[PDB]
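Here we start with a single chain on its own, the form deposited in one PDB entry, put down as structure tokens.
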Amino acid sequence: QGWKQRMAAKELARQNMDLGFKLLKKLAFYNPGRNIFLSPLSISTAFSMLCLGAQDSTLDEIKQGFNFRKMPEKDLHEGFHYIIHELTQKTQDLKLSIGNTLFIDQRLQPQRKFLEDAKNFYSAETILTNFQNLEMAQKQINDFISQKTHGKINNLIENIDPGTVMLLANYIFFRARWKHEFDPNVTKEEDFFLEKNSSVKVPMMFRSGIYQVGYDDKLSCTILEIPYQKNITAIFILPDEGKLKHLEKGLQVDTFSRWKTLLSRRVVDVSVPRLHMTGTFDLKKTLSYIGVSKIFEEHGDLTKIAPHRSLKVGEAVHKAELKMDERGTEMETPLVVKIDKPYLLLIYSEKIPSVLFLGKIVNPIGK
């Protein structure tokens, strides 16, 4: 019946919503005035997969920071196997792929149990790499990712710290058709105001129709939902002028369960910018913001990966990519909501409630 696997996925996806908001708060604090676009779910798959090979302090600190301690390990890996499988899709209405690749030096001896578990549960490959020549190792890695991602992720690695013998690559892609397509001709190049007096011309889409919309008088932010076809929803949170920081600080799962109350089906004249977002994150620095570091340190806890006490994830990279355009399947006083100022974006799956992406878009055409 898949009942247990689907329950683990729902609990893991729910707990992951909390992680996403914690990372967004820290990433926006340490990187102000910059786009922050990531996939908390994708990041979680990578470090749940590493729990297949971690022990003692490293394993406990990973489960603590990601909140994996609430369920058994057997169900943790069975839940993520369900999540990845359901999501992993190459259809016309949804192009989604979650990639996890662990590069290990070829002189080390990866354990077969880990290798097979990582491939079966997470579809994660373990590639032998020549970390004795970092110039060669960097070329091996980038060539592998470029091939696997069909030229979408090229030059994934641009620097390898000296001493690296293991590197983790996490990458995700998303391309979905809206429930009601936007008119490509009504899409004009409008202004996106970076500040109260700083503008840039960006392609701005437009459509009028029924959307669940509201306003949160606590955070002073408007909430709009533009639905995708394949049971996914794009949630645009447009804060009022000067309340973006206030929104960032107060964002919580309690806020997520609360915004649902303020929604209602209404006719809205929506103006949404197009997006082709790519986010690259050093997972060593990012995870430090949530108290995970031992996995990137030598403690002798990764012997189940390769029999060596000095083993550690020397470098870890996350890459999130999303393309939002007009493609799609196809009453009262019209409302007006034009996203023409810094906003937050959440791509929320409805089956297996999961936050696929979490974005702070300060410039839809910046990079």
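Note that residue numbering begins at 1 and tracks the sequence as displayed. Between two forms, the rigid core is defined as the largest C-alpha subset superposing within 1.5 Å.
Here the subject shifts to the form deposited in another entry, a form of this protein not shown in this document.
- In a core superposition between the shown form and the other one, the Cα of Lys74 is the only one among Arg265, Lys249, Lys74, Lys188 shifting by 2 Å or more.
- Comparing the forms between the shown form and the other one, the C-alpha position of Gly99 differs by 2 angstroms or more, with the core used for superposition.
- Once the cores line up, the CA of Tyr211 ends up less than 2 angstroms apart between the shown form and the other one.
- Fitting the two forms on the rigid core leaves the C-alpha of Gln140 displaced by at least 2 angstroms between the shown form and the other one.
- Compared with the form shown here, the Cα atoms of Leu76 and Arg258 move at least 3 Å closer together in the other form.
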